[PDB]
Amino acid sequence: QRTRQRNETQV
Amino acid sequence: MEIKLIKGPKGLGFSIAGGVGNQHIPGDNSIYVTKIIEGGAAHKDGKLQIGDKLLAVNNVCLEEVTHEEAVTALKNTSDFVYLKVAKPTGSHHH
């Protein structure tokens, strides 16, 4: 639940 | 369409958004490159565009998976990434 939906995240 | 990236201290150097519930394009539940980070591998080698649909990473399927589940697959990369991209398939392709 760190990366999540309705938000982008850098890989 | 495949893009080999060298993963490093800035990661792969891009930001994705897509996946089950995080679908970037209405009707297309794929992982989409939403941002590209400065000096990132995908910004240098990447020849990648914001709006690209990731099919897979290291040929691990990113097709209709949870955003975090996908991001974890791109995160668990070291010094080499074989990025598998397609242009928006179930939507307006570009």
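Chain B goes by Disks large homolog 1 in the PDB entry, where it is assigned to Homo sapiens.

A. Structural view of the pairing of strand β3 (residues 31–36) of chain B. When strand β2 (residues 14–18) of chain B meets β3 of chain B, the two strands line up antiparallel, connected through five bridges. Bridged to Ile 16 of chain B within β3 of chain B is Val 33 of chain B.

B. Main features of helix α2 (residues 67–75) of chain B. Of all the positions in α2 of chain B, only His 67, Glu 68, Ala 70, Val 71 and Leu 74 of chain B are classed as buried. For α2 of chain B, the arc enclosing every buried residue in end-on projection is 160°, short of the 170-degree limit, so these residues lie on one face. Against the buried residues of α2 of chain B lie β1 (9–10) of chain A together with β2, β3 and β4 (53–57) of chain B.

C. Layout of the pairing of strand β6 (residues 81–86) of chain B. Residue and element names in this part refer to chain B. In terms of residue burial, β6 counts as a mostly covered element, since five of its six residues are buried. Relative to β6, β4 is paired through four bridges, and the arrangement is antiparallel. Residue pairing across strands places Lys 53 opposite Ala 86, the latter belonging to β6.

D. Expanded view of the pattern of salt bridges. Counted according to the given criterion, the structure contains eight salt bridges over all chains. With a shortest N-O distance of 2.7 Å, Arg 2 of chain A and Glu 68 of chain B are connected by a salt bridge. Taken together, the residues span two chains, with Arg 2 of chain A in the segment before β1 and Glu 68 of chain B in helix α2. The class for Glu 68 of chain B is buried, based on a relative accessible area of 17%. Here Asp 45 of chain B makes a salt bridge to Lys 4 of chain B, at a shortest N to O gap of 2.6 Å. Of this pair, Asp 45 of chain B sits in the loop between α1 (41–44) and β4 while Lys 4 of chain B sits in strand β1 (residues 2–5), and the two are 41 residues apart along the sequence.

E. A look at the side chain of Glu 68 of chain B. Engagement of the side chain of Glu 68 of chain B in a polar contact is seen with the backbone nitrogen of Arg 2 of chain A, the distance being 2.6 Å. Once residues lying within four places of it in the same chain are set aside, the contact partners of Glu 68 of chain B are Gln 1, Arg 2 and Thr 3 of chain A.

Conventions adopted
Residues numbered from 1 in each chain as written, not as in the entry; some residues may be left out. Chains lettered and ligands numbered in written order. Heavy atoms only, no water. Residues with missing side-chain atoms left out of burial classes, pairs and counts. Pairing = 2+ DSSP bridges. Helix = DSSP H or I, 4+ residues; strand = E, 2+ residues; numbered from the N terminus. Buried < 20%, exposed > 50% of the residue type's maximum accessible area, 1.4 Å probe, protein only. Arc of directions from axis to C-beta. Contact = heavy atoms within 4.5 Å. Salt bridge = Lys/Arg side-chain N within 4 Å of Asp/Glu carboxyl O. Polar contact = N/O pair within 3.5 Å; in protein donor to acceptor, adjacent residues only side chain to side chain.

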